[PDB]
$ cat query_11.txt   # compact mmCIF, C-alpha atoms
# COMPACT_ATOMS: atom_id res chain seq x y z
CA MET A 1 15.47 58.84 -25.43
CA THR A 2 11.86 59.30 -26.59
CA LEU A 3 9.46 62.21 -26.41
CA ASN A 4 6.27 60.32 -25.41
CA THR A 5 4.29 63.47 -26.04
CA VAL A 6 1.10 65.05 -27.31
CA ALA A 7 2.12 67.77 -29.75
CA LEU A 8 -0.27 70.44 -31.00
CA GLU A 9 0.68 72.02 -34.30
CA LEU A 10 0.59 75.83 -34.14
CA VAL A 11 1.41 77.36 -37.52
CA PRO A 12 3.07 80.79 -37.10
CA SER A 13 0.85 83.72 -38.03
CA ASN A 14 1.96 85.65 -41.10
CA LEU A 15 3.78 88.90 -40.35
CA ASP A 16 1.11 91.07 -42.00
CA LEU A 17 -1.45 90.65 -39.22
CA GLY A 18 1.03 91.96 -36.62
CA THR A 19 2.39 90.87 -33.25
CA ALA A 20 -0.68 91.94 -31.25
CA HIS A 21 -2.89 89.70 -33.39
CA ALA A 22 -0.53 86.73 -33.05
CA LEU A 23 -0.52 87.11 -29.26
CA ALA A 24 -4.31 87.51 -29.27
CA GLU A 25 -4.67 84.25 -31.20
CA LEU A 26 -2.31 82.57 -28.73
CA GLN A 27 -4.37 83.69 -25.73
CA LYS A 28 -7.35 82.17 -27.55
CA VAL A 29 -5.50 78.87 -27.99
CA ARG A 30 -4.48 78.84 -24.32
CA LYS A 31 -8.04 79.57 -23.22
CA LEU A 32 -9.69 77.05 -25.57
CA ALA A 33 -7.18 74.48 -24.27
CA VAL A 34 -8.43 75.00 -20.70
CA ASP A 35 -11.96 74.86 -22.15
CA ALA A 36 -11.56 71.25 -23.29
CA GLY A 37 -9.54 70.16 -20.27
CA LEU A 38 -6.40 69.89 -22.40
CA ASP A 39 -4.52 72.49 -20.34
CA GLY A 40 -2.22 69.79 -18.95
CA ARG A 41 -2.36 67.05 -21.58
CA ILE A 42 -0.60 68.82 -24.49
CA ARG A 43 3.11 68.78 -23.67
CA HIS A 44 4.64 70.15 -26.90
CA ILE A 45 3.84 72.68 -29.61
CA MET A 46 4.99 71.74 -33.13
CA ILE A 47 5.92 74.89 -35.08
CA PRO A 48 6.69 74.09 -38.74
CA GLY A 49 9.09 76.03 -40.90
CA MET A 50 7.75 77.60 -44.09
CA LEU A 65 7.37 84.65 -38.62
CA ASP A 66 10.58 82.68 -38.15
CA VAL A 67 10.13 79.60 -35.97
CA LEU A 68 12.32 81.19 -33.27
CA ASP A 69 10.19 84.35 -33.22
CA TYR A 70 6.83 82.58 -32.98
CA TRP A 71 8.21 80.24 -30.30
CA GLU A 72 8.92 83.24 -28.07
CA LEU A 73 5.32 84.38 -28.54
CA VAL A 74 3.99 80.87 -27.82
CA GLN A 75 5.82 80.63 -24.48
CA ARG A 76 4.37 83.95 -23.32
CA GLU A 77 0.80 82.60 -23.59
CA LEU A 78 1.11 78.77 -23.43
CA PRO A 79 3.12 78.16 -20.24
CA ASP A 80 2.80 74.36 -19.94
CA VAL A 81 4.35 73.45 -23.31
CA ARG A 82 7.77 72.61 -24.74
CA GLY A 83 8.89 73.19 -28.32
CA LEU A 84 9.22 71.02 -31.40
CA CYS A 85 9.80 72.40 -34.89
CA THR A 86 10.60 71.73 -38.54
CA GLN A 87 13.86 72.81 -40.20
CA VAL A 88 14.60 72.93 -43.92
CA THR A 89 18.17 71.77 -44.59
CA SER A 90 18.70 72.11 -48.36
CA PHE A 91 19.63 75.83 -48.24
CA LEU A 92 22.33 75.91 -45.55
CA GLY A 93 25.93 74.79 -45.43
CA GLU A 94 26.98 72.42 -42.67
CA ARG A 95 28.45 75.25 -40.57
CA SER A 96 25.42 77.49 -41.08
CA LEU A 97 23.00 74.62 -40.43
CA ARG A 98 24.94 73.73 -37.27
CA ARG A 99 24.58 77.36 -36.16
CA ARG A 100 20.83 77.19 -36.83
CA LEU A 101 20.20 73.87 -35.08
CA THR A 102 22.32 75.02 -32.13
CA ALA A 103 20.25 78.19 -31.78
CA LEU A 104 17.05 76.13 -31.95
CA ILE A 105 18.24 73.81 -29.18
CA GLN A 106 19.47 76.71 -27.04
CA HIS A 107 16.10 78.49 -27.26
CA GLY A 108 14.30 75.42 -25.92
CA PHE A 109 13.44 73.22 -28.90
CA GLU A 110 13.53 69.55 -27.92
CA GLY A 111 13.10 67.89 -31.32
CA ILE A 112 13.56 68.85 -34.95
CA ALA A 113 12.22 67.21 -38.10
CA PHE A 114 14.70 67.58 -40.97
CA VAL A 115 12.93 68.33 -44.27
CA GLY A 116 14.09 69.50 -47.68
CA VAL A 117 13.12 70.30 -51.24
CA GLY A 128 22.86 72.87 -49.24
CA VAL A 129 22.71 69.86 -46.91
CA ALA A 130 20.49 66.91 -47.78
CA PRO A 131 18.05 65.96 -44.98
CA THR A 132 19.26 62.36 -44.69
CA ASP A 133 22.86 63.57 -44.39
CA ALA A 134 21.85 65.89 -41.53
CA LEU A 135 20.29 62.96 -39.66
CA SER A 136 23.74 61.41 -39.10
CA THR A 137 25.90 64.55 -38.94
CA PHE A 138 23.91 66.11 -36.08
CA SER A 139 23.19 62.92 -34.10
CA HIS A 140 24.95 64.31 -31.01
CA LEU A 141 23.69 67.90 -31.28
CA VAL A 142 20.01 67.02 -31.88
CA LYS A 143 18.75 64.18 -29.68
CA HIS A 144 15.40 63.80 -31.50
CA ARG A 145 15.74 63.93 -35.29
CA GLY A 146 12.62 63.50 -37.37
CA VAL A 147 11.47 62.78 -40.91
CA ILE A 148 8.09 62.95 -42.59
CA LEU A 149 6.37 59.56 -42.91
CA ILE A 150 3.67 59.10 -45.56
CA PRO A 151 2.28 55.56 -45.18
CA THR A 152 0.39 55.57 -48.50
CA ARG A 153 3.23 57.11 -50.50
CA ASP A 154 4.83 54.81 -53.06
CA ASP A 155 8.14 53.17 -52.06
CA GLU A 156 7.79 54.32 -48.45
CA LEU A 157 8.95 51.09 -46.79
CA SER A 158 12.44 51.50 -48.26
CA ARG A 159 12.44 55.31 -48.10
CA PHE A 160 11.52 55.29 -44.42
CA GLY A 161 13.94 52.42 -43.81
CA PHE A 162 16.75 54.40 -45.43
CA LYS A 163 15.97 57.48 -43.32
CA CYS A 164 16.17 55.39 -40.13
CA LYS A 165 19.45 53.83 -41.32
CA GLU A 166 20.79 57.37 -41.79
CA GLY A 167 19.80 58.26 -38.21
CA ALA A 168 16.13 59.29 -37.99
CA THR A 169 14.91 59.20 -34.38
CA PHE A 170 11.19 59.72 -35.09
CA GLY A 171 8.76 59.69 -37.97
CA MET A 172 6.05 62.33 -38.09
CA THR A 173 3.24 61.01 -40.19
CA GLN A 174 1.22 62.81 -42.80
CA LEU A 175 -2.36 63.47 -41.69
CA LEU A 176 -4.05 60.10 -41.16
CA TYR A 177 -7.51 59.60 -42.69
CA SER A 178 -7.29 55.81 -43.12
CA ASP A 179 -5.61 52.91 -41.30
CA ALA A 180 -2.83 52.32 -43.85
CA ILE A 181 -0.33 53.18 -41.09
CA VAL A 182 -1.30 49.93 -39.34
CA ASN A 183 -0.19 47.72 -42.22
CA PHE A 184 2.82 49.95 -42.90
CA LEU A 185 4.23 49.62 -39.37
CA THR A 186 3.45 45.90 -39.06
CA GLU A 187 5.36 45.10 -42.25
CA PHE A 188 8.09 47.57 -41.25
CA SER A 189 8.48 45.93 -37.82
CA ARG A 190 8.95 42.58 -39.61
CA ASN A 191 11.42 43.67 -42.32
CA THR A 192 13.77 45.62 -40.00
CA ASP A 193 14.65 45.98 -36.33
CA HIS A 194 14.42 49.79 -36.49
CA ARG A 195 11.97 51.01 -33.84
CA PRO A 196 11.77 54.79 -34.32
CA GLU A 197 9.18 56.79 -32.43
CA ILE A 198 6.06 57.46 -34.52
CA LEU A 199 4.21 60.78 -34.28
CA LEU A 200 0.66 59.91 -35.37
CA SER A 201 -0.93 62.95 -37.05
CA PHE A 202 -4.67 63.57 -36.71
CA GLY A 203 -6.31 66.66 -38.18
CA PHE A 204 -9.71 68.12 -37.30
CA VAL A 205 -11.98 68.59 -40.31
CA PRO A 206 -14.50 71.47 -40.14
CA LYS A 207 -17.59 71.78 -42.30
CA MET A 208 -15.77 74.70 -43.96
CA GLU A 209 -13.63 72.10 -45.78
CA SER A 210 -16.66 71.70 -48.07
CA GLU A 211 -15.70 74.94 -49.86
CA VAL A 212 -11.94 75.51 -49.42
CA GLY A 213 -10.70 71.92 -49.72
CA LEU A 214 -7.39 72.61 -47.97
CA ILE A 215 -7.10 69.24 -46.21
CA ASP A 216 -8.03 67.35 -49.38
CA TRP A 217 -5.26 69.22 -51.19
CA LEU A 218 -2.67 68.54 -48.47
CA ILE A 219 -2.89 64.73 -48.69
CA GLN A 220 -3.30 64.36 -52.46
CA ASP A 221 -1.40 61.69 -54.44
CA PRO A 222 -2.63 61.91 -58.03
CA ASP A 223 -3.25 58.20 -58.74
CA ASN A 224 -3.13 56.29 -55.45
CA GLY A 225 -6.60 55.03 -54.56
CA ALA A 226 -5.65 54.48 -50.97
CA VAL A 227 -5.35 58.20 -50.89
CA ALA A 228 -8.57 58.56 -52.80
CA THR A 229 -10.06 56.55 -50.05
CA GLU A 230 -8.66 58.96 -47.53
CA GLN A 231 -9.94 61.87 -49.51
CA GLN A 232 -13.43 60.48 -49.50
CA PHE A 233 -13.23 60.02 -45.75
CA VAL A 234 -12.29 63.71 -45.45
CA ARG A 235 -15.18 65.10 -47.51
CA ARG A 236 -17.53 63.13 -45.19
CA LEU A 237 -16.26 64.41 -41.84
CA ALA A 238 -16.79 67.82 -43.43
CA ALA A 239 -20.34 67.01 -44.57
CA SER A 240 -21.09 65.20 -41.30
CA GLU A 241 -22.62 66.89 -38.26
CA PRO A 242 -20.31 67.69 -35.32
CA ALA A 243 -21.69 64.88 -33.14
CA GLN A 244 -21.28 62.14 -35.75
CA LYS A 245 -18.16 63.64 -37.33
CA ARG A 246 -16.41 63.30 -33.97
CA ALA A 247 -17.62 59.70 -33.73
CA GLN A 248 -16.48 58.76 -37.24
CA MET A 249 -13.04 60.28 -36.66
CA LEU A 250 -12.83 58.67 -33.25
CA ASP A 251 -13.65 55.30 -34.82
CA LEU A 252 -10.58 55.66 -37.05
CA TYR A 253 -8.41 56.86 -34.16
CA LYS A 254 -9.18 53.74 -32.11
CA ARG A 255 -8.59 51.42 -35.06
CA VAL A 256 -5.16 52.99 -35.64
CA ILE A 257 -4.20 53.10 -31.95
CA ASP A 258 -5.25 49.49 -31.35
CA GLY A 259 -3.38 48.30 -34.45
CA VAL A 260 -0.15 50.14 -33.60
CA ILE A 261 0.59 50.65 -29.90
CA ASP A 262 1.45 46.94 -29.47
CA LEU A 263 3.95 46.80 -32.36
CA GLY A 264 7.02 47.91 -30.38
CA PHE A 265 7.33 51.49 -31.64
CA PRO A 266 7.19 54.36 -29.16
CA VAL A 267 4.01 56.22 -30.11
CA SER A 268 3.29 59.93 -29.73
CA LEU A 269 0.48 62.15 -30.99
CA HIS A 270 0.46 65.12 -33.37
CA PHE A 271 -2.79 67.12 -33.43
CA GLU A 272 -3.43 69.56 -36.27
CA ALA A 273 -6.18 72.03 -37.12
CA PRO A 274 -5.25 73.21 -40.64
CA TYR A 275 -8.08 75.78 -40.68
CA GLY A 276 -7.21 77.10 -37.21
CA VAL A 277 -7.69 75.61 -33.76
CA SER A 278 -11.26 75.81 -32.50
CA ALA A 279 -13.38 74.60 -29.62
CA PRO A 280 -14.81 71.73 -31.75
CA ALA A 281 -11.27 70.71 -32.74
CA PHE A 282 -10.13 70.58 -29.11
CA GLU A 283 -13.12 68.51 -27.96
CA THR A 284 -12.27 66.02 -30.71
CA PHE A 285 -8.63 66.03 -29.54
CA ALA A 286 -9.76 65.57 -25.94
CA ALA A 287 -11.92 62.64 -27.06
CA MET A 288 -8.88 60.97 -28.66
CA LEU A 289 -6.76 61.47 -25.54
CA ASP A 290 -9.62 60.14 -23.41
CA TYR A 291 -9.38 56.83 -25.27
CA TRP A 292 -5.57 56.62 -25.37
CA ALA A 293 -2.77 59.04 -24.51
CA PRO A 294 0.99 58.40 -24.69
CA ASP A 295 3.24 58.11 -21.64
$ encode --input "query_11.txt" --output "structure tokens"
Amino acid sequence: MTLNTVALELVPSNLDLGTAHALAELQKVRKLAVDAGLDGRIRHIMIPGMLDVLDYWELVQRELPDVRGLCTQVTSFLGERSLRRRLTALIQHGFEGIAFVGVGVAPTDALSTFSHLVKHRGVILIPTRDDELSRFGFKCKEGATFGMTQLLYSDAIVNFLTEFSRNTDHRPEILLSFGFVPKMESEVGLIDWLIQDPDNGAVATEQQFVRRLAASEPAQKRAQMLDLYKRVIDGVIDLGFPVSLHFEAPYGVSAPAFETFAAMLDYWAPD
């Protein structure tokens, strides 16, 4: 009924670099996972749609043997029969959960139509986004099984879920998203761009917290991020929602990223 999982996001490698490179990067991921002692603690790989998700997933299984598959599927460009063909192929090839996203079939319509084909049906949850209490409450009403959060760089998710758990009896599984921030974010600013909301403040707060983990040194950066992880976990796991974890490395998975992920799991891991 629930996934109760630790999901590592592996973005598919672009076709230009070739299949040998993609497999080489996957052997690196597998080996860095064993490095940090995560080689049994990560149960799922989350492969987002933009390689096709089915093609990368076959590569992933050849080098990451201990993992099952989650993915993202855009719905707004497929008819119901074509989308049913796509979701069926994804389930048949070993995907256990699908987040329905969109820019055709509307995502919230797919949440109800495919409730018996797809057992775990997700939406994106952005706790700081305006109007999210009703938007996320509508998506659950339409049949969302889990909410995968935007990258979390504050504790706004704590107040979001507490007020959500009081205004409705919906208890969807929450995939808490934590993203490692390398010093290289100082120059590229990819993570800062991903979470932007032009005039939010709460977001601005998150953005400030990101530029610091970047400017911080690896020892303290891990501690500052871990401080936020424990504040979120302590303010959430008792609320009645099934909680899972979504680990991201937007710049590419690295040994520092995995030791930060291992530190989070060492404090609390789902089950």
$ closest_residue --input "query_11.txt" --among "A:287, A:6, A:17, A:263" --to "residue 200 (chain A)" --atoms "all atoms listed in the file"
A:6
$ atom_distance --input "query_11.txt" --atom1 "CA of residue 243 (chain A)" --atom2 "CA of residue 202 (chain A)"
17.4 Å
$ residues_around --input "query_11.txt" --residues "residue 210 (chain A)" --least-positions-apart "2" --cutoff "9 Å" --atoms "all atoms listed in the file" --output "ChimeraX atom specification"
/A:206-208,212-213,235,238-239
$ residues_around --input "query_11.txt" --residues "residue 237 (chain A)" --least-positions-apart "3" --cutoff "10 Å" --atoms "all atoms listed in the file" --output "list in words"
residues 204, 205, 206, 207, 209, 210, 232, 233, 234, 240, 241, 242, 244, 245, 246, 247, 248 and 249 of chain A
$ closest_residue --input "query_11.txt" --among "A:199, A:214, A:81, A:92" --to "residue 149 (chain A)" --atoms "all atoms listed in the file"
A:199
$ residues_near_point --input "query_11.txt" --point "(3.0, 88.9, -29.7)" --cutoff "12 Å" --atoms "only C-alpha atoms" --output "list in words"
residues 12, 13, 14, 15, 17, 18, 19, 20, 21, 22, 23, 24, 25, 26, 27, 65, 69, 70, 71, 72, 73, 74, 75, 76 and 77 of chain A
$ closest_residue --input "query_11.txt" --among "A:144, A:31, A:82, A:163" --to "residue 44 (chain A)" --atoms "all atoms listed in the file"
A:82
$ residues_around --input "query_11.txt" --residues "residue 201 (chain A)" --least-positions-apart "5" --cutoff "6 Å" --atoms "all atoms listed in the file" --output "PyMOL selection string"
chain A and resi 173+175-176+270-271
$ build_atoms --input "query_11.txt" --residues "region 68-79 of chain A" --atoms "N, CA and C atoms" --output "PDB file, keeping the file's coordinate frame"
ATOM      1  N   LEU A  68      11.804  80.698 -34.551  1.00  0.00           N
ATOM      2  CA  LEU A  68      12.320  81.190 -33.270  1.00  0.00           C
ATOM      3  C   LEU A  68      11.484  82.350 -32.742  1.00  0.00           C
ATOM      4  N   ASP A  69      10.964  83.193 -33.640  1.00  0.00           N
ATOM      5  CA  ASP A  69      10.190  84.350 -33.220  1.00  0.00           C
ATOM      6  C   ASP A  69       8.819  83.936 -32.697  1.00  0.00           C
ATOM      7  N   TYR A  70       8.138  83.052 -33.429  1.00  0.00           N
ATOM      8  CA  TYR A  70       6.830  82.580 -32.980  1.00  0.00           C
ATOM      9  C   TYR A  70       6.950  81.803 -31.678  1.00  0.00           C
ATOM     10  N   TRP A  71       8.032  81.031 -31.520  1.00  0.00           N
ATOM     11  CA  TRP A  71       8.210  80.240 -30.300  1.00  0.00           C
ATOM     12  C   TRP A  71       8.303  81.133 -29.070  1.00  0.00           C
ATOM     13  N   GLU A  72       8.898  82.322 -29.198  1.00  0.00           N
ATOM     14  CA  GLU A  72       8.920  83.240 -28.070  1.00  0.00           C
ATOM     15  C   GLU A  72       7.526  83.768 -27.753  1.00  0.00           C
ATOM     16  N   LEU A  73       6.707  83.999 -28.783  1.00  0.00           N
ATOM     17  CA  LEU A  73       5.320  84.380 -28.540  1.00  0.00           C
ATOM     18  C   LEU A  73       4.558  83.242 -27.862  1.00  0.00           C
ATOM     19  N   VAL A  74       4.731  82.010 -28.355  1.00  0.00           N
ATOM     20  CA  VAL A  74       3.990  80.870 -27.820  1.00  0.00           C
ATOM     21  C   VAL A  74       4.238  80.713 -26.324  1.00  0.00           C
ATOM     22  N   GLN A  75       5.496  80.845 -25.891  1.00  0.00           N
ATOM     23  CA  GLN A  75       5.820  80.630 -24.480  1.00  0.00           C
ATOM     24  C   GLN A  75       5.204  81.691 -23.585  1.00  0.00           C
ATOM     25  N   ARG A  76       4.980  82.894 -24.112  1.00  0.00           N
ATOM     26  CA  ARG A  76       4.370  83.950 -23.320  1.00  0.00           C
ATOM     27  C   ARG A  76       2.911  83.673 -22.990  1.00  0.00           C
ATOM     28  N   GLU A  77       2.224  82.855 -23.793  1.00  0.00           N
ATOM     29  CA  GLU A  77       0.800  82.600 -23.590  1.00  0.00           C
ATOM     30  C   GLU A  77       0.457  81.138 -23.328  1.00  0.00           C
ATOM     31  N   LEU A  78       1.318  80.191 -23.705  1.00  0.00           N
ATOM     32  CA  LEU A  78       1.110  78.770 -23.430  1.00  0.00           C
ATOM     33  C   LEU A  78       2.227  78.334 -22.486  1.00  0.00           C
ATOM     34  N   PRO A  79       2.006  78.366 -21.170  1.00  0.00           N
ATOM     35  CA  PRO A  79       3.120  78.160 -20.240  1.00  0.00           C
ATOM     36  C   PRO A  79       3.497  76.703 -20.022  1.00  0.00           C
TER      37      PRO A  79
END
